[PDB]
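Protein chains in written order, with the authors' numbering: chain W, 54 to 250; chain X, 376 to 441, 500 to 515, 563 to 580, 621 to 639, 709 to 755, 818 to 869, 897 to 968; chain S, 1125 to 1132, 1168 to 1186. The structure under discussion appears below in the form of C-alpha cells.
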Amino acid sequence: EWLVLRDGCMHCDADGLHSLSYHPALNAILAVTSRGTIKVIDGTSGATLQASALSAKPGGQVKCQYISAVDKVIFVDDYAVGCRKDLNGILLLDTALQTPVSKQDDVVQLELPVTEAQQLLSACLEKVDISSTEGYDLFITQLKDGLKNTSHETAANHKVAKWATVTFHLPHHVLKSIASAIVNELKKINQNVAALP
Amino acid sequence: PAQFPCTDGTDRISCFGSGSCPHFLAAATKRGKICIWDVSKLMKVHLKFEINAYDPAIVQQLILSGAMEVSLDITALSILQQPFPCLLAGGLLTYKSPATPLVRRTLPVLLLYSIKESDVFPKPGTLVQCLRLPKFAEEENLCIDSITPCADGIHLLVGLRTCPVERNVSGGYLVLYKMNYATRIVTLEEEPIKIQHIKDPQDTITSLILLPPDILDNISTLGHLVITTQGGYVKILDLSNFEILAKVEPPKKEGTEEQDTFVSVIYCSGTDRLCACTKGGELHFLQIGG
Amino acid sequence: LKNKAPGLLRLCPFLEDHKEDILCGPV
C-alpha cells in the first residue's frame, strides 16, 4: 500500500472545472472551467495569475493540453485549434483561439503587455506625433484606460501585473495604419526607443 | 492565429492529441477529414486529407468480423514514432448487419496513416496498418477513449469506455500493446501484451497521467499511472500489472455531504504533487512519498 | 534563497521575511 499525503486544498472558481493542464516552464496551472474560461494559477504561492476567454465563440467546449517535448499549449474548441507558447514569462491567452479575419475592416483583438503599452504611450505622448492619422484618438483613449486600470494591480503583485494584458478591440486597417505611422515617425527622427520594436 | 482544419471552416472537431512524435498536431473532424499542422515550426499547412471508410483493409477486417453501409468516426488521435512518423487514429466503424431486420453494430479499430511525404513506399493519406481490437471491445460496444505512449517508448496504452447510444456495465479496458519496428514504417502488434478489465462501472477512466520513475529515486518497471474515475477516486497503479497501489477518495463538497468528484489530474513539478481538479472547481494537491 | 512551497548591519526586509529558510549568503 502506497501512502498519499493531503495537506489542504484551494478554491479556484465556483463554476466548476473539467480539464487540467500544467505548464512546467512558468509553473502555471491552466485550469479549464465549465464555462469555457481558462484560469491561470501560479504554482509557487497559491495566488492566481490571470483569467482568459481565448476570444472564442460563446458556449464552446474548450479543451486545453500541454506538451513539454515541444513546450506548446494546444486549445481545441468545436471549430478551430489554437497553439500558444511563452512570451517574456507570460502566456498571451486572450487571442489564443482568434479566428483569422477576411477583410481589413473587421474588428481584431490586440493583446499587449504592460511595459510595451507604457513605452507606446510614452512615445505617442512625447516623441511621436500621429494626431493626423485615423483612429488616433480611440487608440490613445484605449491605451490610457488600459494603463490606468493596469497600474492599480501593478503595485500589488508583480506576476499578476505581468500576466495582465490590455485587449484592444479595433479594426485591422486602422491599427495597421497607426502602427505604420508610428514606425515612420520614429524612423524619420532617428530615435532608438523601446516602443519601435 | 487559430487555423481551421478545413478551408470551409464548418466541420466540428471530434478528437485531438499527441503521441511519441508530438512535433505535429493532428485534428480530425466527425466527417472523416484529418489535418496535421507543423506546430513545431511556423504555423502552416503540413498535411490535409480525408478518411475513406471503404478501404480494402477495413472491408476485409469487417468481413473477418462477421449494398453495404459503413460509417467511421475517430475518437482519439496519436502519432507514433521510434523511420518516418505515422498517424494513429482510433476509429469506430458502425455498419448494418443481418441478425444471426438489420442491426447497427459498432467495432473499434486502429488505423495507421503515413505522414512524411515522398522526397514502393506508401503515399501519404493511405492506410498503413488496420489493427483490430479484441472481442470484448466489440461485444461491449466500447470506444477508444484515450491513446497514450508509455514512458519507455516501446509500449502503448489504450483506455476504452462505454460508447453512449444515440447487463453488467463496465468501466472500460486498458490495452497495453507492444511497438513493432521490424520494417521501416512504425507499426503495431496484433497480440496485446496486457489486457486489464474494469469490472466496476463506477471506476470508468476519465483522465490519466504518467509519473517518471526518477521521482521515486529521490521485468523492468514502466512507471506509475494516475487515473481519475467518474466518482472521483484517484487510482495510482503500476503500469506493469495495473494493480491498485494507491487509492485517494474524492473530497467532500463544502456545506454538504455531496461527493466533490475529481474530473482531471495533472502533475505539478514545482509543488512536486498531483494536482487534481474537483467537481466544484477546487484544486487538491496530493503528495507522494513519506 | 530556497523557494517556498505554496500552502495547500541588518538584512533587507524581503530577506528578513524569509530568513529562516535561507540557504546561501549573504555575500
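Virtual Cβ for every residue (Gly too), placed ideally from N, Cα, C.
Residues bridged to residue i [DSSP beta-bridge criterion]
{"i": "residue 847/X", "result": "825/X"}
{"i": "residue 412/X", "result": "400/X and 420/X"}
{"i": "residue 577/X", "result": "623/X"}
{"i": "residue 831/X", "result": "838/X"}
{"i": "residue 160/W", "result": "224/W"}
{"i": "residue 63/W", "result": "961/X"}
{"i": "residue 906/X", "result": "858/X"}
{"i": "residue 751/X", "result": "731/X"}
{"i": "residue 128/W", "result": "117/W and 135/W"}
{"i": "residue 633/X", "result": "567/X and 716/X"}
{"i": "residue 95/W", "result": "81/W"}
Where residue i meets chain S, residues with beta-carbon distance less than 9 Å
{"i": "residue 949/X", "result": "1129, 1130 and 1132"}
From the options, residue whose alpha carbon lies closest to that of residue i
{"i": "residue 96/W", "options": "952/X, 946/X and 850/X", "result": "946/X"}
{"i": "residue 712/X", "options": "634/X, 400/X, 718/X and 570/X", "result": "634/X"}
{"i": "residue 951/X", "options": "961/X, 943/X and 965/X", "result": "965/X"}
{"i": "residue 835/X", "options": "431/X, 719/X, 565/X and 913/X", "result": "565/X"}
{"i": "residue 405/X", "options": "439/X, 735/X, 923/X and 387/X", "result": "387/X"}
{"i": "residue 919/X", "options": "417/X, 845/X and 389/X", "result": "845/X"}
{"i": "residue 727/X", "options": "752/X, 414/X and 912/X", "result": "752/X"}
{"i": "residue 124/W", "options": "204/W, 115/W, 198/W and 137/W", "result": "137/W"}
{"i": "residue 179/W", "options": "66/W, 105/W and 239/W", "result": "239/W"}
{"i": "residue 911/X", "options": "628/X, 621/X and 954/X", "result": "954/X"}
{"i": "residue 376/X", "options": "129/W, 77/W, 243/W and 64/W", "result": "129/W"}
{"i": "residue 740/X", "options": "831/X, 899/X, 385/X and 418/X", "result": "899/X"}
{"i": "residue 646/X", "options": "825/X, 382/X, 723/X and 420/X", "result": "Residue 646/X cannot be placed in this structure, since chain X goes from 639 to 709 without the numbers between."}
{"i": "residue 428/X", "options": "934/X, 829/X, 715/X and 731/X", "result": "715/X"}
{"i": "residue 171/W", "options": "154/W, 54/W, 119/W and 198/W", "result": "198/W"}
{"i": "residue 656/X", "options": "580/X, 430/X, 627/X and 638/X", "result": "Here chain X is numbered 639 followed immediately by 709, so the structure offers no position for residue 656/X."}
{"i": "residue 507/X", "options": "563/X, 500/X, 578/X and 629/X", "result": "629/X"}
Chain-order list of residues whose beta-carbon lies under 6 Å from that of residue i (same chain, five-residue window excluded)
{"i": "residue 71/W", "result": "85 and 87"}
{"i": "residue 410/X", "result": "380, 402 and 423"}
{"i": "residue 58/W", "result": "none"}
{"i": "residue 957/X", "result": "938 and 939"}
{"i": "residue 905/X", "result": "856, 859 and 913"}
{"i": "residue 221/W", "result": "163 and 195"}
{"i": "residue 398/X", "result": "415"}
{"i": "residue 396/X", "result": "512, 514 and 565"}
{"i": "residue 109/W", "result": "130 and 150"}
{"i": "residue 624/X", "result": "574 and 576"}
Partner residues on chain S for residue i, Cβ-Cβ distance less than 8 Å
{"i": "residue 66/W", "result": "Simply none; closest approach about 17 Å."}
{"i": "residue 379/X", "result": "Near residue 379/X there are no residues of chain S at all, since even the closest Cβ is about 39 Å away, more than 8 Å."}
{"i": "residue 940/X", "result": "Simply none; closest approach about 15 Å."}
8 Å Cβ shell around residue i - same chain, five flanking residues per side excluded
{"i": "residue 869/X", "result": "967"}
{"i": "residue 936/X", "result": "930"}
{"i": "residue 81/W", "result": "75, 93, 94, 95, 96, 102 and 144"}
{"i": "residue 1181/S", "result": "1125, 1126 and 1174"}
Beta-carbon proximity check, residue i vs residue j, cutoff 9 Å
{"i": "residue 161/W", "j": "residue 151/W", "result": "yes"}
{"i": "residue 857/X", "j": "residue 941/X", "result": "yes"}
{"i": "residue 570/X", "j": "residue 743/X", "result": "no"}
{"i": "residue 843/X", "j": "residue 827/X", "result": "yes"}
{"i": "residue 838/X", "j": "residue 717/X", "result": "yes"}
{"i": "residue 174/W", "j": "residue 191/W", "result": "no"}
{"i": "residue 193/W", "j": "residue 146/W", "result": "no"}
{"i": "residue 79/W", "j": "residue 142/W", "result": "yes"}
{"i": "residue 962/X", "j": "residue 177/W", "result": "no"}
{"i": "residue 502/X", "j": "residue 720/X", "result": "no"}
{"i": "residue 394/X", "j": "residue 511/X", "result": "yes"}
{"i": "residue 917/X", "j": "residue 903/X", "result": "yes"}
{"i": "residue 745/X", "j": "residue 513/X", "result": "yes"}
{"i": "residue 247/W", "j": "residue 384/X", "result": "no"}
Closer than 7 Å at the beta carbon, the chain W residues around residue i
{"i": "residue 850/X", "result": "The premise fails here: residue 850/X is roughly 21 Å from chain W at the closest Cβ pair, so nothing lies under 7 Å."}
Beta-carbon proximity list for residue i, same chain, < 7 Å, skipping 5 on both sides
{"i": "residue 234/W", "result": "183 and 186"}
{"i": "residue 210/W", "result": "100"}
{"i": "residue 851/X", "result": "822"}
{"i": "residue 218/W", "result": "145, 147, 164, 165 and 166"}
{"i": "residue 927/X", "result": "911"}
{"i": "residue 131/W", "result": "113 and 114"}
{"i": "residue 897/X", "result": "918"}
Amino acids of chain S, ordered along the chain, whose beta-carbon sits closer than 7 Å to that of residue i
{"i": "residue 97/W", "result": "1127 and 1130"}
{"i": "residue 60/W", "result": "1132"}
{"i": "residue 963/X", "result": "1132"}
Listed by chain order, chain X residues near residue i by CB distance under 7 Å
{"i": "residue 111/W", "result": "Correct list: empty, because the minimum Cβ distance to chain X is about 16 Å."}
{"i": "residue 122/W", "result": "397"}
{"i": "residue 74/W", "result": "944"}
Cross-chain neighbours of residue i in chain X, by beta carbon under 9 Å
{"i": "residue 117/W", "result": "By Cβ distance, chain X contributes nothing, its closest Cβ being about 10 Å from residue 117/W, past 9 Å."}
{"i": "residue 71/W", "result": "941, 942 and 955"}
Per-residue contacts from residue i into chain W (C-beta, under 8 Å)
{"i": "residue 405/X", "result": "Correct list: empty, because the minimum Cβ distance to chain W is about 10 Å."}
Closer than 9 Å at the beta carbon, the chain W residues around residue i
{"i": "residue 929/X", "result": "59 and 62"}
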